[PDB]
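Everything below belongs to work_33.txt, which stores compact mmCIF, C-alpha atoms and all ligand atoms.
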# COMPACT_ATOMS: atom_id res chain seq x y z
CA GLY A 13 22.47 20.46 3.58
CA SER A 14 21.41 21.87 7.00
CA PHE A 15 18.69 24.53 7.70
CA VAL A 16 18.04 24.40 11.54
CA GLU A 17 16.05 27.71 11.52
CA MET A 18 13.50 26.27 8.97
CA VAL A 19 13.02 22.83 10.69
CA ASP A 20 9.51 22.61 12.37
CA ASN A 21 8.24 25.86 10.77
CA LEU A 22 4.87 24.22 9.83
CA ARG A 23 1.83 23.80 12.11
CA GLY A 24 -1.85 22.91 11.80
CA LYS A 25 -4.74 20.67 12.81
CA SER A 26 -5.78 17.31 11.32
CA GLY A 27 -7.73 17.86 8.07
CA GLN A 28 -7.27 21.71 8.30
CA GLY A 29 -3.98 21.93 6.26
CA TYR A 30 -0.38 22.95 7.03
CA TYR A 31 0.45 26.65 7.55
CA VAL A 32 3.64 28.73 7.77
CA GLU A 33 4.10 32.11 9.52
CA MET A 34 4.52 35.04 7.07
CA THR A 35 4.81 38.84 7.42
CA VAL A 36 3.15 41.30 5.03
CA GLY A 37 3.60 45.09 4.73
CA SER A 38 5.46 47.88 6.52
CA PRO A 39 5.45 47.76 9.60
CA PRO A 40 5.12 43.88 9.34
CA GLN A 41 1.73 42.17 9.80
CA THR A 42 2.01 38.56 11.02
CA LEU A 43 -0.29 36.00 9.35
CA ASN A 44 -0.63 32.17 9.28
CA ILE A 45 -0.69 31.00 5.66
CA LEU A 46 -1.71 27.57 4.22
CA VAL A 47 1.09 25.91 2.11
CA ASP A 48 -0.54 24.78 -1.18
CA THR A 49 1.40 23.05 -4.01
CA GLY A 50 -1.91 22.66 -5.91
CA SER A 51 -2.51 26.35 -6.72
CA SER A 52 -0.47 29.47 -7.69
CA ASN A 53 -1.92 32.54 -5.88
CA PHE A 54 -0.78 34.31 -2.73
CA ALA A 55 -4.21 35.28 -1.26
CA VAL A 56 -4.91 36.59 2.26
CA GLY A 57 -8.06 37.57 4.20
CA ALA A 58 -8.33 41.40 4.18
CA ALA A 59 -11.74 41.81 5.91
CA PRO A 60 -13.13 40.87 9.39
CA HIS A 61 -14.64 37.46 8.48
CA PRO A 62 -15.83 35.88 11.83
CA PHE A 63 -13.68 32.69 11.33
CA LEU A 64 -10.45 34.77 11.14
CA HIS A 65 -8.00 35.41 14.04
CA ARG A 66 -6.41 38.25 12.04
CA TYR A 67 -6.38 39.72 8.55
CA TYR A 68 -4.36 41.98 6.20
CA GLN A 69 -5.07 45.70 6.90
CA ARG A 70 -3.81 47.53 3.74
CA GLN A 71 -4.45 51.00 5.32
CA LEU A 72 -1.58 50.33 7.85
CA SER A 73 1.06 49.51 5.22
CA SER A 74 3.31 52.24 3.76
CA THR A 75 4.71 49.83 1.13
CA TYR A 76 1.27 48.71 -0.14
CA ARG A 77 0.67 49.34 -3.90
CA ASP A 78 -2.73 48.97 -5.61
CA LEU A 79 -2.79 47.13 -8.97
CA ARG A 80 -6.45 48.31 -9.53
CA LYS A 81 -7.49 44.83 -10.72
CA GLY A 82 -10.00 42.27 -9.40
CA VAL A 83 -9.59 38.47 -9.18
CA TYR A 84 -12.39 35.87 -9.04
CA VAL A 85 -11.54 32.30 -8.07
CA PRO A 86 -14.44 29.78 -8.05
CA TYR A 87 -13.36 26.13 -7.64
CA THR A 88 -15.14 22.77 -6.97
CA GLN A 89 -15.60 23.01 -3.17
CA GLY A 90 -15.91 26.86 -2.94
CA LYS A 91 -14.88 30.38 -4.02
CA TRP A 92 -12.74 33.41 -3.10
CA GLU A 93 -12.45 36.81 -4.69
CA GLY A 94 -10.42 39.93 -4.11
CA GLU A 95 -8.34 42.97 -5.03
CA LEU A 96 -4.82 42.67 -6.51
CA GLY A 97 -1.85 44.63 -5.18
CA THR A 98 1.82 44.33 -4.09
CA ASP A 99 3.64 44.54 -0.82
CA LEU A 100 6.81 43.54 1.08
CA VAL A 101 6.69 39.90 2.27
CA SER A 102 8.98 37.90 4.54
CA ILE A 103 9.01 34.41 6.18
CA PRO A 104 10.24 34.69 9.86
CA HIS A 105 11.29 30.96 10.00
CA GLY A 106 12.72 30.92 6.46
CA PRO A 107 15.40 32.76 4.42
CA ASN A 108 16.60 36.18 5.77
CA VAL A 109 15.03 38.07 2.77
CA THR A 110 12.15 40.50 1.94
CA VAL A 111 10.39 40.40 -1.46
CA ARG A 112 7.85 42.52 -3.33
CA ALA A 113 5.10 40.04 -4.16
CA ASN A 114 1.65 40.00 -5.72
CA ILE A 115 -1.06 39.70 -3.01
CA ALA A 116 -4.77 39.12 -3.55
CA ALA A 117 -6.65 40.83 -0.67
CA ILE A 118 -9.68 38.48 -0.09
CA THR A 119 -12.85 40.59 0.09
CA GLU A 120 -15.53 37.87 -0.38
CA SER A 121 -15.54 34.07 0.03
CA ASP A 122 -17.69 30.96 0.33
CA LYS A 123 -16.54 27.67 1.99
CA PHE A 124 -12.85 28.84 1.75
CA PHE A 125 -11.99 29.77 5.37
CA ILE A 126 -12.43 26.98 7.95
CA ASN A 127 -14.44 27.52 11.19
CA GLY A 128 -11.92 26.65 13.94
CA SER A 129 -8.71 26.89 11.86
CA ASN A 130 -5.63 29.01 12.71
CA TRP A 131 -4.77 30.28 9.13
CA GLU A 132 -6.00 33.43 7.27
CA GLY A 133 -4.45 32.99 3.81
CA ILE A 134 -2.99 30.65 1.19
CA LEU A 135 0.45 30.41 -0.46
CA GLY A 136 0.02 28.89 -3.93
CA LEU A 137 3.41 27.28 -4.73
CA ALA A 138 2.59 25.89 -8.26
CA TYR A 139 3.41 27.64 -11.64
CA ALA A 140 2.14 30.86 -13.38
CA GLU A 141 0.11 28.81 -15.98
CA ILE A 142 -2.69 28.11 -13.38
CA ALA A 143 -2.46 31.56 -11.64
CA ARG A 144 -5.70 33.65 -11.56
CA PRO A 145 -6.69 35.87 -13.44
CA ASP A 146 -3.90 34.69 -15.86
CA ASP A 147 -0.18 33.64 -16.21
CA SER A 148 0.95 37.34 -16.20
CA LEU A 149 0.37 37.38 -12.36
CA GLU A 150 3.78 36.29 -11.01
CA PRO A 151 3.49 33.67 -8.16
CA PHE A 152 5.35 34.21 -4.84
CA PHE A 153 8.20 31.65 -5.33
CA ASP A 154 8.98 33.05 -8.84
CA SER A 155 9.25 36.60 -7.25
CA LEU A 156 11.44 35.15 -4.46
CA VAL A 157 13.95 33.47 -6.90
CA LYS A 158 14.02 36.60 -9.22
CA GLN A 159 14.73 39.19 -6.43
CA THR A 160 17.12 37.16 -4.20
CA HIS A 161 19.95 34.54 -4.34
CA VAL A 162 17.51 31.87 -2.90
CA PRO A 163 17.97 28.69 -5.05
CA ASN A 164 14.98 27.62 -7.21
CA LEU A 165 13.99 24.65 -4.99
CA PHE A 166 11.89 23.97 -1.85
CA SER A 167 11.23 20.78 0.06
CA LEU A 168 8.40 19.53 2.30
CA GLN A 169 8.33 17.22 5.31
CA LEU A 170 4.64 16.87 6.42
CA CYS A 171 4.63 14.87 9.69
CA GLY A 172 0.93 14.59 10.60
CA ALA A 173 0.07 13.82 14.25
CA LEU A 183 -8.40 17.84 16.95
CA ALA A 184 -4.74 16.69 17.19
CA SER A 185 -1.94 19.13 16.18
CA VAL A 186 0.22 18.52 13.10
CA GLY A 187 3.77 19.69 12.31
CA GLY A 188 6.38 19.65 9.57
CA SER A 189 9.09 21.58 7.72
CA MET A 190 9.17 23.74 4.63
CA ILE A 191 12.82 24.09 3.56
CA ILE A 192 13.03 27.14 1.25
CA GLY A 193 15.97 27.11 -1.20
CA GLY A 194 17.40 23.78 -0.09
CA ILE A 195 17.32 20.23 1.24
CA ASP A 196 17.85 19.24 4.90
CA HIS A 197 19.50 15.74 5.02
CA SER A 198 18.36 15.15 8.67
CA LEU A 199 14.67 14.98 7.50
CA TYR A 200 15.06 11.74 5.43
CA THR A 201 16.70 8.28 5.44
CA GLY A 202 18.11 6.39 2.43
CA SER A 203 18.38 7.98 -0.99
CA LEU A 204 16.29 10.53 -2.95
CA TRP A 205 14.68 9.19 -6.18
CA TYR A 206 13.51 11.71 -8.78
CA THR A 207 10.49 11.85 -11.06
CA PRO A 208 10.35 14.42 -13.89
CA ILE A 209 7.81 17.25 -13.79
CA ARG A 210 5.86 16.51 -17.00
CA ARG A 211 4.75 20.14 -17.50
CA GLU A 212 5.10 23.32 -15.37
CA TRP A 213 1.48 24.22 -14.33
CA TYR A 214 0.53 21.97 -11.39
CA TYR A 215 3.41 19.75 -10.16
CA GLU A 216 2.46 17.13 -12.83
CA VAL A 217 3.95 13.58 -12.65
CA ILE A 218 3.45 10.15 -14.37
CA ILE A 219 2.44 6.94 -12.47
CA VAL A 220 3.56 3.92 -14.53
CA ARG A 221 2.37 1.04 -12.26
CA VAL A 222 0.14 0.38 -9.17
CA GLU A 223 0.47 -2.54 -6.71
CA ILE A 224 -1.62 -3.54 -3.63
CA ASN A 225 0.64 -5.76 -1.39
CA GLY A 226 2.94 -6.38 -4.41
CA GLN A 227 -0.05 -7.42 -6.57
CA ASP A 228 -0.19 -5.43 -9.83
CA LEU A 229 -3.55 -3.78 -10.74
CA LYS A 230 -2.77 -4.70 -14.45
CA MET A 231 -4.66 -1.68 -15.85
CA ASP A 232 -3.62 0.36 -18.94
CA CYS A 233 -1.17 2.85 -17.29
CA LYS A 234 -3.00 5.72 -19.11
CA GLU A 235 -5.89 5.15 -16.57
CA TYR A 236 -3.52 6.06 -13.66
CA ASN A 237 -2.95 9.51 -15.19
CA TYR A 238 -6.47 10.28 -16.55
CA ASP A 239 -6.51 13.30 -17.01
CA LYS A 240 -3.36 14.15 -14.93
CA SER A 241 -1.38 13.08 -11.80
CA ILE A 242 -0.27 15.88 -9.45
CA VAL A 243 1.54 16.36 -6.08
CA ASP A 244 -0.75 18.53 -3.83
CA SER A 245 -0.07 19.61 -0.19
CA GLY A 246 -3.46 21.43 -0.12
CA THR A 247 -5.36 18.06 -0.39
CA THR A 248 -5.81 15.52 2.46
CA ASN A 249 -6.62 12.31 0.56
CA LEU A 250 -4.95 10.14 -2.00
CA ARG A 251 -7.40 10.83 -4.85
CA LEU A 252 -7.61 8.23 -7.71
CA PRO A 253 -9.44 8.34 -11.12
CA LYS A 254 -12.85 6.53 -10.81
CA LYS A 255 -11.83 3.34 -12.76
CA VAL A 256 -8.53 3.01 -10.76
CA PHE A 257 -10.29 3.60 -7.40
CA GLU A 258 -12.81 0.75 -8.19
CA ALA A 259 -9.95 -1.71 -8.98
CA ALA A 260 -7.79 -0.58 -5.96
CA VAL A 261 -10.77 -0.93 -3.50
CA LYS A 262 -11.72 -4.39 -4.94
CA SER A 263 -8.05 -5.45 -4.29
CA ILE A 264 -7.80 -3.73 -0.79
CA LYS A 265 -11.17 -5.43 0.27
CA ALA A 266 -9.85 -8.83 -0.96
CA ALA A 267 -6.46 -8.42 0.91
CA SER A 268 -8.14 -7.40 4.24
CA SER A 269 -11.05 -9.98 4.04
CA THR A 270 -10.23 -11.49 7.57
CA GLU A 271 -12.49 -8.64 8.88
CA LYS A 272 -15.66 -7.44 7.09
CA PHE A 273 -16.57 -3.72 6.79
CA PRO A 274 -19.70 -1.89 5.44
CA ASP A 275 -19.66 -0.72 1.75
CA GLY A 276 -20.11 2.87 3.04
CA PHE A 277 -16.64 2.81 4.73
CA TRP A 278 -14.81 2.38 1.36
CA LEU A 279 -16.78 5.41 0.01
CA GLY A 280 -15.95 7.55 3.11
CA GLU A 281 -19.63 7.61 4.25
CA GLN A 282 -19.00 5.72 7.55
CA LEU A 283 -16.13 5.17 10.03
CA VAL A 284 -14.66 1.90 11.44
CA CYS A 285 -13.82 1.51 15.17
CA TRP A 286 -11.66 -0.83 17.30
CA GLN A 287 -10.98 -0.84 21.08
CA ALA A 288 -8.20 1.69 21.94
CA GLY A 289 -4.72 0.43 20.99
CA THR A 290 -6.02 -2.75 19.22
CA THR A 291 -6.08 -1.44 15.53
CA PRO A 292 -5.22 -4.45 13.25
CA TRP A 293 -2.69 -2.64 10.94
CA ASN A 294 -1.35 -6.12 9.86
CA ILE A 295 -4.63 -7.04 8.07
CA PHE A 296 -4.41 -3.92 5.78
CA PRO A 297 -2.15 -4.03 2.66
CA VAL A 298 0.71 -1.73 1.59
CA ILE A 299 0.05 0.48 -1.51
CA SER A 300 2.80 1.05 -4.11
CA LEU A 301 2.99 3.70 -6.81
CA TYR A 302 5.66 3.31 -9.49
CA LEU A 303 6.81 6.65 -10.83
CA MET A 304 8.57 7.55 -14.11
CA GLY A 305 12.34 7.71 -13.42
CA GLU A 306 15.07 10.02 -14.76
CA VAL A 307 16.36 7.51 -17.41
CA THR A 308 14.55 5.77 -20.33
CA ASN A 309 12.88 2.45 -19.32
CA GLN A 310 13.75 3.20 -15.62
CA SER A 311 11.22 3.61 -12.78
CA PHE A 312 11.17 3.60 -8.94
CA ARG A 313 8.41 2.92 -6.47
CA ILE A 314 6.95 4.62 -3.39
CA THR A 315 5.12 2.50 -0.74
CA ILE A 316 2.61 3.69 1.91
CA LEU A 317 1.14 1.85 4.93
CA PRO A 318 -2.49 1.85 6.29
CA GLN A 319 -1.04 4.25 8.98
CA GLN A 320 -1.03 6.85 6.10
CA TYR A 321 -4.35 5.96 4.34
CA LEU A 322 -6.57 5.07 7.41
CA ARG A 323 -6.98 8.48 9.10
CA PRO A 324 -7.90 8.95 12.82
CA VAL A 325 -11.23 10.80 13.33
CA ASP A 333 -12.28 3.45 21.09
CA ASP A 334 -10.09 4.27 18.03
CA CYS A 335 -12.17 5.34 14.97
CA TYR A 336 -10.81 5.80 11.40
CA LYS A 337 -11.80 7.18 7.98
CA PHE A 338 -10.67 5.58 4.66
CA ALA A 339 -8.65 8.45 3.12
CA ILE A 340 -8.43 7.07 -0.45
CA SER A 341 -11.20 8.52 -2.67
CA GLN A 342 -12.44 8.71 -6.28
CA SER A 343 -11.63 11.72 -8.47
CA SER A 344 -12.77 13.27 -11.78
CA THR A 345 -9.67 15.56 -12.02
CA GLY A 346 -7.05 12.74 -12.06
CA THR A 347 -4.61 11.39 -9.46
CA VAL A 348 -4.10 13.71 -6.49
CA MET A 349 -1.11 12.77 -4.27
CA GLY A 350 -2.26 14.63 -1.12
CA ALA A 351 -1.26 14.43 2.58
CA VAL A 352 -1.93 10.58 2.51
CA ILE A 353 1.11 10.23 0.13
CA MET A 354 3.17 13.26 1.37
CA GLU A 355 3.18 12.15 5.08
CA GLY A 356 5.25 9.05 4.26
CA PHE A 357 7.96 11.03 2.43
CA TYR A 358 10.35 13.96 2.31
CA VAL A 359 9.36 15.65 -0.97
CA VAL A 360 11.88 17.80 -2.96
CA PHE A 361 10.30 20.23 -5.47
CA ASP A 362 13.43 20.73 -7.64
CA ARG A 363 12.10 23.49 -9.95
CA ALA A 364 15.64 24.27 -11.35
CA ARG A 365 15.95 20.69 -12.69
CA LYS A 366 12.18 20.20 -13.55
CA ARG A 367 11.91 17.16 -11.21
CA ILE A 368 10.38 15.97 -7.92
CA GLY A 369 12.38 13.90 -5.41
CA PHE A 370 11.03 11.33 -2.91
CA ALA A 371 12.83 9.81 0.09
CA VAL A 372 11.62 7.97 3.24
CA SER A 373 10.62 10.64 5.83
CA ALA A 374 12.45 10.47 9.22
CA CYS A 375 9.02 11.40 10.87
CA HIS A 376 6.55 8.99 9.04
CA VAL A 377 4.18 6.84 11.18
CA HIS A 378 4.98 3.08 11.05
CA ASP A 379 5.11 -0.12 13.24
CA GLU A 380 7.71 -2.80 14.18
CA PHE A 381 6.86 -4.89 11.03
CA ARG A 382 6.51 -2.40 8.11
CA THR A 383 7.82 1.10 7.15
CA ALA A 384 7.13 3.49 4.20
CA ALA A 385 9.57 2.84 1.33
CA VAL A 386 11.28 4.39 -1.75
CA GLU A 387 12.97 1.73 -3.93
CA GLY A 388 14.68 1.33 -7.30
CA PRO A 389 15.69 0.97 -10.04
CA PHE A 390 12.96 -1.05 -11.82
CA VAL A 391 12.69 -1.78 -15.57
CA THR A 392 9.41 -0.36 -17.00
CA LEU A 393 8.83 -0.05 -20.76
CA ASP A 394 6.62 2.52 -22.67
CA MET A 395 6.45 4.93 -19.67
CA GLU A 396 5.73 7.91 -22.03
CA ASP A 397 2.52 6.11 -23.25
CA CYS A 398 1.21 6.39 -19.58
CA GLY A 399 0.72 10.19 -19.96
CA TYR A 400 -2.72 11.52 -21.02
CA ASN A 401 -3.06 13.81 -24.08
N1 LIG B 1 -5.06 22.32 -3.77
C1 LIG B 1 -6.24 23.00 -3.54
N2 LIG B 1 -6.20 24.27 -3.26
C2 LIG B 1 -7.41 25.03 -2.91
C3 LIG B 1 -7.64 25.01 -1.41
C4 LIG B 1 -6.86 24.21 -0.57
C5 LIG B 1 -7.04 24.19 0.81
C6 LIG B 1 -8.01 25.02 1.38
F1 LIG B 1 -8.18 25.02 2.69
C7 LIG B 1 -8.81 25.85 0.59
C8 LIG B 1 -8.61 25.81 -0.79
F2 LIG B 1 -9.41 26.59 -1.51
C9 LIG B 1 -7.05 26.47 -3.38
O1 LIG B 1 -6.98 26.55 -4.77
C10 LIG B 1 -8.17 26.21 -5.43
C11 LIG B 1 -7.86 26.41 -6.93
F3 LIG B 1 -7.72 27.73 -7.20
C12 LIG B 1 -8.52 24.74 -5.16
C13 LIG B 1 -8.68 24.54 -3.65
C14 LIG B 1 -8.99 23.09 -3.30
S1 LIG B 1 -7.65 21.93 -3.67

Show how you would write the structure in this file as structure tokens.
Ligand SMILES: NC1=N[C@@]2(c3ccc(F)cc3F)CO[C@@H](CF)C[C@H]2CS1
Amino acid sequence: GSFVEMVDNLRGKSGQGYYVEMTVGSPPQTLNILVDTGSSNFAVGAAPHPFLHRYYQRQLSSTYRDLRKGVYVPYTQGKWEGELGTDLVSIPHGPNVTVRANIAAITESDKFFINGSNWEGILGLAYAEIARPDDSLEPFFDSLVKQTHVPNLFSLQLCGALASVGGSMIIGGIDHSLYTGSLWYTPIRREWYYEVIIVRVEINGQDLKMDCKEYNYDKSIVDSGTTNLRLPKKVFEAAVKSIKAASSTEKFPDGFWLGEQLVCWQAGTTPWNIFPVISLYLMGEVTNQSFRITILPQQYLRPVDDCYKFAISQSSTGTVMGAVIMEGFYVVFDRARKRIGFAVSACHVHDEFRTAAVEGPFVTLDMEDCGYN
């Protein structure tokens, strides 16, 4: 209902992620930790990397326990590796609890830490199935729910704005002040990533008319650790062709659509009106029932004279609903009921003509056929 102490507990810089303050060990060691719904490991810098403001010093903790196991995490854009162990963890601007959690002490990395950022670790909030080295390594939120009376739910309000960013991570609840209108739920298809099903796509109310399996090839996920709205290659081509057609009053280079170049207008003269709204229809809670979420160019044209980057991009890992999607909405990760809720965010960026929207119910048949196998 109301969680005043957790409101505004997220900070960051544009394109550098959202972080929360955490404490590790005894006596407590304060660290800034990136909130990531796209991964499942709690991993912190444990060595004096030059980009880091601070790091986990295991030698100073009386509650530190060594698991005597390594962890190696290569991924597409980089890699991190470390040493597994446990320790006492708390969230100063969160629930009044202390938990014994798995912690990967980062001992080597490449393109993981950001030069100029104010975070030193990552909080993977997804499920055990995608945890490294395997699903036997219990993620943080699972340890939290198991050892305390904290309800199995968390919500995110990412507000956006190198300009400073803010938001709220409500642990174990929902804060009704952070959204307007009603919450609409989409089922979590499978507990690994926060996997969802997109059943329809519209550009200014105009349907893309693609086989809905294309929207979810090979999956659709909700990821706070990603900036862009990432679309499968075939869907991106069709969406761009439709966005270019809708905004044809002004012509832009082909490189802009691919994120290779920026577009500039004289300060305070950005023509938001010429850019279309983008709607994603999501699988509802009832058979043949869907709802839709709508974003504005204020969410997908990102500030870098006012210059902008097109923050919709092509993907080979499926649909990624990153910060572009999440900044328009209050997102409820209702783990207890295996569903994700969306509502219009009380902090989303809009104008006097259009606002972000969450609407329903809509009749959509064969929604289960939209999922990739
Ligand atoms: N959702 C993602 N999280 C990862 C990530 C996110 C932000 C960041 F600053 C650094 C990262 F490494 C961590 O988990 C990797 C998977 F293990 C994937 C990457 C990229 S996308």

**Asked** Which residues, written as number ranges by chain, have at least one atom at most 12 Å from residue 292 (chain A), with all atoms listed in the file counted and residues fewer than 5 positions away on the same chain left out?
**Response** A: 268, 270-271, 284-287, 297, 318-319, 322, 334, 336, 379

For region 49-139 of chain A versus region 16-26 of chain A, which residues have an atom no more than 10 Å away, and what is each residue's nearest atom pair and distance in Å rounded to one decimal, using all atoms listed in the file, chain-then-number order, as CSV?
residue,atom,partner,partner_atom,distance
A:103,CA,A:18,CA,9.7
A:104,CA,A:18,CA,9.1
A:105,CA,A:18,CA,5.3
A:106,CA,A:18,CA,5.3
A:107,CA,A:18,CA,8.2
A:128,CA,A:25,CA,9.4
A:129,CA,A:25,CA,7.4
A:130,CA,A:24,CA,7.2
A:131,CA,A:24,CA,8.4

Could you write out that same residue set with C-alpha atoms as a PDB file, in the coordinates of the input?
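Generated output (part-v4.pdb):
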ATOM      1  CA  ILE A 103       9.010  34.410   6.180  1.00  0.00           C
ATOM      2  CA  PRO A 104      10.240  34.690   9.860  1.00  0.00           C
ATOM      3  CA  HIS A 105      11.290  30.960  10.000  1.00  0.00           C
ATOM      4  CA  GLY A 106      12.720  30.920   6.460  1.00  0.00           C
ATOM      5  CA  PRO A 107      15.400  32.760   4.420  1.00  0.00           C
ATOM      6  CA  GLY A 128     -11.920  26.650  13.940  1.00  0.00           C
ATOM      7  CA  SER A 129      -8.710  26.890  11.860  1.00  0.00           C
ATOM      8  CA  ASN A 130      -5.630  29.010  12.710  1.00  0.00           C
ATOM      9  CA  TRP A 131      -4.770  30.280   9.130  1.00  0.00           C
TER      10      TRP A 131
END

**A:185, A:42, A:127, A:108 ranked by distance to ligand LIG 1 (chain B), top pick (using only C-alpha atoms and all ligand atoms)** = A:127

**Request:** Pick out the closest residue to residue 30 (chain A) from this set: A:351, A:359, A:109, A:138. Count all atoms listed in the file.
**Result:** A:351

Can you build me a table of chain A residues sitting at most 10 Å from ligand LIG 1 (chain B), with the closest atom pair per residue and its distance in Å to one decimal, using only C-alpha atoms and all ligand atoms, sorted by chain and residue number, as a Markdown table?
| residue | atom | partner | partner_atom | distance |
| --- | --- | --- | --- | --- |
| A:27 | CA | B:LIG1 | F1 | 9.0 |
| A:28 | CA | B:LIG1 | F1 | 6.6 |
| A:29 | CA | B:LIG1 | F1 | 6.3 |
| A:30 | CA | B:LIG1 | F1 | 9.2 |
| A:46 | CA | B:LIG1 | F1 | 7.1 |
| A:47 | CA | B:LIG1 | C5 | 8.4 |
| A:48 | CA | B:LIG1 | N1 | 5.8 |
| A:49 | CA | B:LIG1 | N1 | 6.5 |
| A:50 | CA | B:LIG1 | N1 | 3.8 |
| A:51 | CA | B:LIG1 | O1 | 4.9 |
| A:52 | CA | B:LIG1 | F3 | 7.5 |
| A:53 | CA | B:LIG1 | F3 | 7.6 |
| A:55 | CA | B:LIG1 | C9 | 9.5 |
| A:84 | CA | B:LIG1 | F3 | 9.6 |
| A:85 | CA | B:LIG1 | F3 | 6.0 |
| A:86 | CA | B:LIG1 | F3 | 7.1 |
| A:87 | CA | B:LIG1 | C11 | 5.6 |
| A:88 | CA | B:LIG1 | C12 | 7.1 |
| A:89 | CA | B:LIG1 | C14 | 6.6 |
| A:90 | CA | B:LIG1 | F2 | 6.7 |
| A:91 | CA | B:LIG1 | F2 | 7.1 |
| A:92 | CA | B:LIG1 | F2 | 7.8 |
| A:121 | CA | B:LIG1 | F2 | 9.8 |
| A:122 | CA | B:LIG1 | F2 | 9.5 |
| A:123 | CA | B:LIG1 | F2 | 8.0 |
| A:124 | CA | B:LIG1 | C7 | 5.2 |
| A:125 | CA | B:LIG1 | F1 | 6.7 |
| A:126 | CA | B:LIG1 | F1 | 7.0 |
| A:129 | CA | B:LIG1 | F1 | 9.4 |
| A:131 | CA | B:LIG1 | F1 | 9.0 |
| A:132 | CA | B:LIG1 | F1 | 9.8 |
| A:133 | CA | B:LIG1 | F1 | 8.9 |
| A:134 | CA | B:LIG1 | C9 | 7.4 |
| A:135 | CA | B:LIG1 | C9 | 9.0 |
| A:136 | CA | B:LIG1 | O1 | 7.4 |
| A:137 | CA | B:LIG1 | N1 | 9.9 |
| A:138 | CA | B:LIG1 | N1 | 9.6 |
| A:142 | CA | B:LIG1 | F3 | 8.0 |
| A:143 | CA | B:LIG1 | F3 | 7.9 |
| A:144 | CA | B:LIG1 | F3 | 7.6 |
| A:214 | CA | B:LIG1 | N1 | 9.5 |
| A:242 | CA | B:LIG1 | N1 | 9.8 |
| A:243 | CA | B:LIG1 | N1 | 9.2 |
| A:244 | CA | B:LIG1 | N1 | 5.7 |
| A:245 | CA | B:LIG1 | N1 | 6.7 |
| A:246 | CA | B:LIG1 | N1 | 4.1 |
| A:247 | CA | B:LIG1 | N1 | 5.4 |
| A:248 | CA | B:LIG1 | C5 | 8.9 |
| A:348 | CA | B:LIG1 | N1 | 9.1 |
| A:350 | CA | B:LIG1 | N1 | 8.6 |

**Prompt:** So what do you get for CA of residue 115 (chain A) versus CA of residue 63 (chain A), distance-wise?
**Reply:** 20.3 Å

**Request:** Determine, counting all atoms listed in the file, which protein, DNA and RNA residues have an atom within 8 Å of an atom of region 196-207 of chain A; residues of the same chain fewer than 2 positions away are not included. Present the result as an NGL selection string.
**Result:** :A and (13-15 or 169 or 191 or 194 or 209 or 217-218 or 303-306 or 312 or 357-358 or 367-375 or 386-388)
